[PDB]
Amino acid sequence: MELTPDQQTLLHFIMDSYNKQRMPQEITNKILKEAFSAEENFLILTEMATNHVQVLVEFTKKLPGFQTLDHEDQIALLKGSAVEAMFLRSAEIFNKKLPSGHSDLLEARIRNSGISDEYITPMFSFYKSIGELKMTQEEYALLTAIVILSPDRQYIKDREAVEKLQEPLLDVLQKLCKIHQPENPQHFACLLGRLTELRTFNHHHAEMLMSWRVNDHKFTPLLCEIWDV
């Protein structure tokens, strides 16, 4: 029932890799410090996302067995997960406990950033529903690894090789849930259910980006490839 020495090892190693990301406080201090125009916020988003993808690629290469997969399957797994991982990490940041009144200003700054009304509602519904789950740092790290190692991605040639890498992560996540929240037995199924919500963000992503209230939508060359814009 408890984590085996192997599972604790995999867990601590996943956590250390995940924590090499840009710190939440760094992101929120900037946003909370002062109100920027839509033009400036779009520039902040593209620089944040470029750095996120760069760190995501590094975290992915350290996932056990990923480097043994077919080079074309590796590209499809990364391209297919980059948007979901950005929204999952943004939800983590959004839900970080801050001093009284700060998270309300954060929500106000994000609502007034330049994103269109059509995309604010599903975005905030996701962040709140993530918030209710009260996820630990390990749950966010394992869930990100599970999102990346999704065997059921379009343009994947060898699905079982991916399934074999994801299954030990699913098993660690389940045990973690059955220990951190014994009073909520659906917690594990409910985390996995939120992944189905993340997939919908990826399908309308190009449209969400182009509907930002700016005069010109400039992207970096790495984002052009990853976001298909």
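Numbers follow the displayed sequence, beginning with 1. For the two forms, the rigid core is made up of the largest set of C-alpha atoms that agree within 1.5 Å on superposition.
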Self-check item: Greater Cα displacement in 9 other deposited structures of this protein once the core is superposed, comparing 105-113 with 129-137
Solution: 105-113
Quiz item: Is 167-175 or 26-34 the stretch whose C-alphas end up farther from this model in 9 other deposited structures of this protein after a rigid core fit?
Solution: 26-34
Exercise. Give the stretch, out of 187-195 and 45-53, with the larger mean C-alpha temperature factor in the deposited entry.
Key: 187-195
Quiz prompt | Mean temperature factor over C-alpha atoms, higher-scoring stretch between 129-137 and 84-92 | solution = 129-137
Exercise. Place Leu169 in the lowest, middle or highest third of its chain's C-alpha B-factors, as listed in the PDB entry.
Key: lowest
Exercise. Compare the C-alpha B factor of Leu3 with those of the other modelled residues in its chain, then answer lowest, middle or highest third.
Key: highest
Quiz item: Which third, lowest, middle or highest, does the CA B-factor of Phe66 fall in along this chain?
Solution: middle
Quiz prompt | Position of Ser113 among the chain's modelled residues by C-alpha B-factor, lowest, middle or highest third | solution = middle
Practice problem: Comparing against every modelled residue in the chain, figure out the third that the C-alpha B-factor of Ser103 lands in (lowest, middle or highest). | Solution: highest
